[PDB]
């Protein structure tokens, strides 16, 4: 329950950031998904401090990242893909390729879809 207190409570809340920046992968794992939720919108002031943390602990983040990519929250997967994919070390990069391919193949029916299809296409082109 002490760990869960380290989770930001609102979009401006960096009170726990120093404590967070100190944990090892297995110390932060239990709340990694909770931290990833603060990337649903990167324009939230706290997203800029959460992002480095989750990238640094990317290896234990992966199953949760895939869940997001397999979800229906377009904005959330857009930020996750855009911000995290270029900073995934090789083995983790290969884990998410599947989702990028899938997303790049979607029919473009609105602008939100077009954004994530074109990002997926550019990222497959560049990174893989």
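Residue numbers count along the first chain shown, from 1.
*Take the C-alpha B-factors listed in the entry for 27-35 and for 49-57, compute each mean, and give the stretch with the larger one.*
Mean C-alpha B-factor is greater for 27-35.
_Mean CA temperature factor from the deposited coordinates, higher in 91-99 or in 76-84?_
91-99 has the higher mean C-alpha B-factor.
*Compare the C-alpha B factor of residue 119 with those of the other modelled residues in its chain, then answer lowest, middle or highest third.*
Middle third of the chain for residue 119's C-alpha B-factor.
_Third of the chain, ranked by Cα B-factor, where residue 104 sits_ = As the PDB entry reports it, the C-alpha B-factor of residue 104 lands in the lowest third of its chain.
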